[PDB]
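>>> the data below comprise the sequence and an experimental structure of the protein.
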Amino acid sequence: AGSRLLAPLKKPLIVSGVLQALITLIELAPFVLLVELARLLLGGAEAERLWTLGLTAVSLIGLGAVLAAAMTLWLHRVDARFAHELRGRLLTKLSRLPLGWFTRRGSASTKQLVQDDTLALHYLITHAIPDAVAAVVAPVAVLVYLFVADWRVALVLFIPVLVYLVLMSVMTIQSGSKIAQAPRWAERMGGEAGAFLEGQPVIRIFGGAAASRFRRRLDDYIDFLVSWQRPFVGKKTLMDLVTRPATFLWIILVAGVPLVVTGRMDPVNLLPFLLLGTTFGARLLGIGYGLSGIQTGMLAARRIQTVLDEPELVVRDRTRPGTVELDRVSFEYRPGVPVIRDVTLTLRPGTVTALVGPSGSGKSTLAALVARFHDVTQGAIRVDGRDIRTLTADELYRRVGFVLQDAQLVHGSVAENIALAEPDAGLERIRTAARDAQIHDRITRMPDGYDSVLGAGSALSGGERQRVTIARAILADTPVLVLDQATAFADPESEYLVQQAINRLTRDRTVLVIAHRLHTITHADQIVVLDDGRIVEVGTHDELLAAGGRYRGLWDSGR
Amino acid sequence: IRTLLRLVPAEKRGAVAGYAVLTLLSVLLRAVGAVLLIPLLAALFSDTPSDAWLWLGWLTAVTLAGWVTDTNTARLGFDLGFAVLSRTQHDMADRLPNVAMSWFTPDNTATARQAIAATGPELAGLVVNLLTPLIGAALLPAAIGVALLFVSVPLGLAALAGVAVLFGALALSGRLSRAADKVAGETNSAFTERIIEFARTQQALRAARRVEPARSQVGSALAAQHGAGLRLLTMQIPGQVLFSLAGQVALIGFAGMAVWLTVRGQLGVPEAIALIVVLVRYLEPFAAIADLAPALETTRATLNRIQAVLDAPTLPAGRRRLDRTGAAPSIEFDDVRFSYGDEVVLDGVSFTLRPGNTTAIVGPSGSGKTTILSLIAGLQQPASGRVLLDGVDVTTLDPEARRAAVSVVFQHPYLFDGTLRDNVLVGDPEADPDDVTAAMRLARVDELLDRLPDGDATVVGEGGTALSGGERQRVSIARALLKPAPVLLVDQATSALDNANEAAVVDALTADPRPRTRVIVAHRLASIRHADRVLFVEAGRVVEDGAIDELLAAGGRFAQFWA
Ligand code: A1IRY
Ligand SMILES: Nc1ncnc2c1ncn2[C@@H]1O[C@H](COP(=O)(O)OP(=O)(O)OP(=O)(O)O)[C@@H](O)[C@H]1O
Ligand SMILES: Nc1ncnc2c1ncn2[C@@H]1O[C@H](COP(=O)(O)OP(=O)(O)OP(=O)(O)O)[C@@H](O)[C@H]1O
Ligand SMILES: [Mg+2]
Ligand SMILES: [Mg+2]
Ligand SMILES: [Zn+2]
């Protein structure tokens, strides 16, 4: 699907082809003038004609050089702008695909898509058409001229050309499958490297370098690269030897010296071949080297367009405040593998719902369904009476804020992380939100204060980053709040303080809490026990204790 | 080239010398073949064209020899490029686990990722694609100028003078776009790191509405990356023009001297015609060098990143080993001080933990109890003081013996992107099936195997993102329990587990048959029931310690901690 992707470049590519035909003709003209200059030199022509021919040839060389440079500059600018717009399109597309896409792909796949594929399109959309047109025009024009000059010495030039064509065809056929397999290996190697860098503590405690899957994958990738690049480079060097100007000059002389020594050819008739017969080999080598780039660009275009055609979380146009309602919701991460099974629930303003249950029951996926990271397989989810599929991302996430189970901090200052949902928020608001999350003092202790960066290495403890995400949600200040295992890494004192702050800040708001620590959710207006993806009992703390069900068992296990 | 020779394997220097000899021989054969045309054409245009047979025979020999020296130079260049690739990647792979954790800043982490990312064919084919044509092109007009001294001394000097401007253009070209190429690399690497952050932090960015390019950090990096790439294209224009002017200046000197000699009569008319062909051969490297100049700069940036990883400071290590084999060691801190940067974490923490006994570390968030576990495991090392395992300082231990001494359950469990069984087998890849099932049964991972459809073949995602928080936590517990190490550091291993799994896991840690010196960190009272001793760590100081019942009766911080 590279044609559909590269349709916007329809006119620049045609312009490149025709302008490159003109440029290669202008590049061949100086050598025709030099052949005429040599013919006049042998004839003892007047100095005026020789000066005219030499100056014209030199000026035409300069013109051809400047025109080729300008065309390459313009075409590289075109390619750069196309890559920029395509990367913007890819980022916009990925901004609304389901999160299952990201989970089943990985970060290395996304990096290869946005950056490596767009860069693999470079030769295809910057050099392929110029190289093709140059390698078609210059050999044809030169060979027509030389067959007019002398067919006997022109025929021998087909030997290197036919050998080059055979080498090019066998090289392309041999390397096609390996070029197809190359992006998969690059993606796998990137994923292994990312895991090796991110999972360094696990590598250091368990196995080290020797027993790491990264090293085995590295060895396998190097073996694949050797098996790919050895015959490819051998064919490439043979093609370079065949088309080199020295080879053409030597075969021209081998054909012509026996003719000149006998009374079969005037030596002057060899002036074209020596001056033009050694000009078009490099242009042929350009396409010979560029066939692989064309193949890689075509595969990259196919992958990019496949991702750009991917189904996404489409916003419907169908078109109580602060209410969330799940109605017979079911969900499947994988087809045929249910994880939520006909869940009906209603979170109302001014109430607290505590979603508890066994680990892996489906609490986090239900929270993500409310966030519309995935679309419900069945049922519906409504916010303020509006189905979440009819709401845009802004409309949805201005009404519902989330504190996810994993405390994901972005690379940036702590103020940026707290102000993620509202980057224009003032410093006073950020400080108040941090104080509500019991993290302002820790940020004060930092060297840069609220400007201290939170990249790799300069991390925090688990409870501290969890509190930072809680402060982020507090600063967002949505009518509906979801807290997936918040304060799991918090000590009892910090947990009590942040829970008191949350209760103060969400008295009139809808609140969903997920907690394995059942002692922190006994005050909830509603307690929903989720087991095996379905609700098994609902009630208050005392009612659920009296029921003697799953909640009673979990409570007894907790004491 | 000096950086490349620094990275060549020491047992591959025989091929480098052979490569350098054949590379020069290839250049001389190309130069001699170009200049052999001058005798050949003068003889061919003379009254006895049969005299050109001698010079055609010498052209055939020089042409045949050039083919052999070029196929061999390509074969050796291919071996040198992949030999250099394998060592650098193997060296970085071996060094990185030993690098200090403080080295892994976001810039250094990006450098390491990009250095590893250079395993592709571009760096492997560096010698064949960059050095062989760059050396061949740089030396060919010098070789032609030398070979023309045998034809005419002032002709060769004019040819040689045109090579002084070639190397002048080559030397100055890099400095014209040095800054633009640097900013392009910085914005390109920054864009790479935001894409990975974009995919990893996708859920949190969507809730924050920081996911569209007009509002995302990756979108800002794309705009900066694009602007730097366009600046690079414009700032490379002086470099290409400079090589063009060098070829123009070289043409005038070569052509001007050839015309001057011919008018003087010192050079024949057929010889001057043959010198037009030599002049074209003489000016081809001027254009080839211009094409290779951009490739030379990206290679220099690539090798700097590889050298940055190989220059990373490794942790101190020794050769000592623990005396007993498999026996539970004693863990003691001897006035251990630690600091992240300038901020003090630990301040004179001293204690001793008896062999084969369970100890609990509790306290407020940020007290330093995760840093204590890292010091015991050797992930971090003390600023001062000394952590001792069975009386042996950890910094003096063999790295092989140091990792075999401790198994860790980390606060934030990280699984590798594969099957569930492979992540458990990381603890002991040679473990028998009975040992693997025993570890999974203890960690309550056996519940997952029946619950999930694929069982232990369930393909986990990046990290453990395709599993719930408590499911990947139990997988990291089964990993630690499978390892036969005699020290177990449990860092809040039931944080994401319900009460039923918390109780089963906590009993499982105590019920492990083999002896271990167990250290457990937990924010739950029910997770430290079987601990024989407790350490209350607050602000990097053990405020109190003793038995669980003793500390509750004391009415100190420990009693108030769970109040
Ligand atoms: C675009 C793409 C596509 C296609 C279509 C479209 C089209 C468009 C059009 C455009 C056009 C533009 C053009 C421009 C130019 C013209 C042509 C050329 C013309 C020319 O060339 Fe010349 O020069 C130049 C510049 N110059 C300038 O600047 C000026 C001043 C300095 O000039 C002068 O006065 C002087 C004298 C001589 C004569 C003139 N001449 O010569 N000179 C000079 O210096 C000279 C010295 O040495 C040389 C040479 C040598 C060797 C080889 C070559 C050559 O040559 N030389 C240009 C550029 C390039 C370069 N060179 O080089
Ligand atoms: N990589 C790091 N860079 C800088 N400071 C760090 C880093 N890791 C931890 N710290 C700081 O070290 C101090 C103690 O951290 P540590 O991880 O030991 O906490 P903790 O007691 O285990 O906390 P928690 O109970 O919240 O998990 C905290 O102030 C934390 O900010
Ligand atoms: N990205 C995913 N792809 C496939 N299955 C998934 C994915 N994320 C979660 N699951 C499965 O969903 C089921 C429920 O997980 P979920 O995280 O929703 O539960 P939970 O109640 O929040 O768990 P925990 O208390 O352990 O955090 C688990 O079996 C897990 O294997
Ligand atoms: Mg969860
Ligand atoms: Mg910790
Ligand atoms: Zn290009």
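Ah, there it is. Residues are numbered from 1 along each chain as shown, chains lettered A, B, ... in the order given. Ligands and ions are numbered 1, 2, ... in the order given.
>>> strands of the stretch 451-559 of chain A, start to end?
Using DSSP state E, counting those that start in this stretch, the strands of the stretch 451-559 of chain A run over A:480-484, A:510-514, A:526-531, A:534-539.
>>> direction included, what does the first one pair up with?
So the one you mean is strand A:480-484. Partners of strand A:480-484 in the sheet, by DSSP bridges, are strand A:400-403 (parallel), strand A:510-514 (parallel).
>>> longest helix in the chain, by residue count?
Going with chain A. helix A:47-94 (DSSP state H).
>>> I was thinking of chain B, sorry if that wasn't clear
In chain B, taking DSSP H as the definition, the longest helix is helix B:52-95.
>>> quick one: that helix near chain A?
Yes: counting by C-beta under 8 Å from any C-beta of the partner chain, contacts between helix B:52-95 and chain A involve B:52-53, B:56, B:59-60, B:63, B:66-67, B:70-71, B:74-75, B:78, B:82, B:85-86, B:89-90, B:93-94. Just so you know, the C-beta spots here come from the backbone N, C-alpha and C atoms, and that holds for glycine as well.
>>> ditto for stretch B:441-449
Yes: with C-beta under 8 Å from any C-beta as the measure, stretch B:441-449 is seen reaching chain A through residue B:448.
>>> and the end-to-end length of that stretch?
10 Å (C-alpha to C-alpha, to the nearest Å).
>>> tell me the buried residues in it?
In terms of neighbour count (16 or more other C-beta atoms under 10 Å in any protein chain shown), stretch B:441-449 has its buried residues at B:441, B:442, B:443, B:444, B:445, B:446, B:447, B:448, B:449.
>>> count the neighbours of residue B:416 for me.
Neighbourhood size, residue B:416 [other C-beta atoms under 10 Å in any protein chain shown]: 23.
>>> which SS class is it?
Following DSSP: H, G, I helix; E, B strand; the rest coil, residue B:416 is assigned to coil.
>>> distance of the closest residue in space to it that isn't next to it in sequence from ligand 5?
Once flanking residues are discounted, residue B:416 sits nearest to residue A:195: 5.3 Å by C-beta to C-beta, 6 or more residues apart in numbering or on different chains. Distance check for residue A:195 against ligand 5: by C-beta to the ion, to the nearest Å, it reads 22 Å.
>>> so the host helix or strand of residue A:195, near ligand 2 or not?
Using DSSP states H and E, the element containing residue A:195 is helix A:158-198. No: using C-beta under 6 Å from any ligand atom, helix A:158-198 stays clear of ligand 2, coming no nearer than 13.8 Å.
>>> against which helices or strands is that helix packed?
With contacts taken as 3 or more C-beta pairs under 8 Å, 6 or more residues apart in numbering or on different chains; DSSP states H and E, helix A:158-198 sits against helix A:107-111, helix A:213-243, helix A:245-261, helix A:281-308, helix B:106-117.
>>> mind doing that once more with 6 Å?
helix A:107-111, helix A:213-243, helix A:281-308, helix B:106-117 (3 or more C-beta pairs under 6 Å, 6 or more residues apart in numbering or on different chains; DSSP states H and E).
>>> between whichever strand or helix holds residue A:135 and helix A:47-94, how many degrees?
Under DSSP H and E, the secondary-structure element containing residue A:135 is helix A:128-149. Angle of helix A:128-149 versus helix A:47-94, following axes from the mean of the first three to the mean of the last three C-alpha atoms, to 10 degrees, is 150 degrees.
>>> and helix A:128-149, which residues are buried?
A:128-139, A:141-143, A:145-146, A:149.
>>> stretch B:109-122 now?
Under the neighbour-count criterion of 16+ other C-beta under 10 Å, stretch B:109-122 has B:109-121 buried.
>>> now, which of those residues lie close to ligand 2?
Applying C-beta under 6 Å from any ligand atom to the buried residues of stretch B:109-122, none is adjacent to ligand 2.
>>> export the residues you listed to CSV and tack on distance to ligand 4?
Output for those, formatted as CSV (distance: C-beta to the ion, whole Å):
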residue, distance to ligand 4
B:109, 27
B:110, 30
B:111, 34
B:112, 31
B:113, 28
B:114, 33
B:115, 35
B:116, 31
B:117, 32
B:118, 37
B:119, 35
B:120, 37
B:121, 42
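>>> need the max-distance pair from those residues.
Pairwise distances across the buried residues of stretch B:109-122 peak at 24.6 Å for B:109 and B:121 (criterion: C-beta to C-beta).
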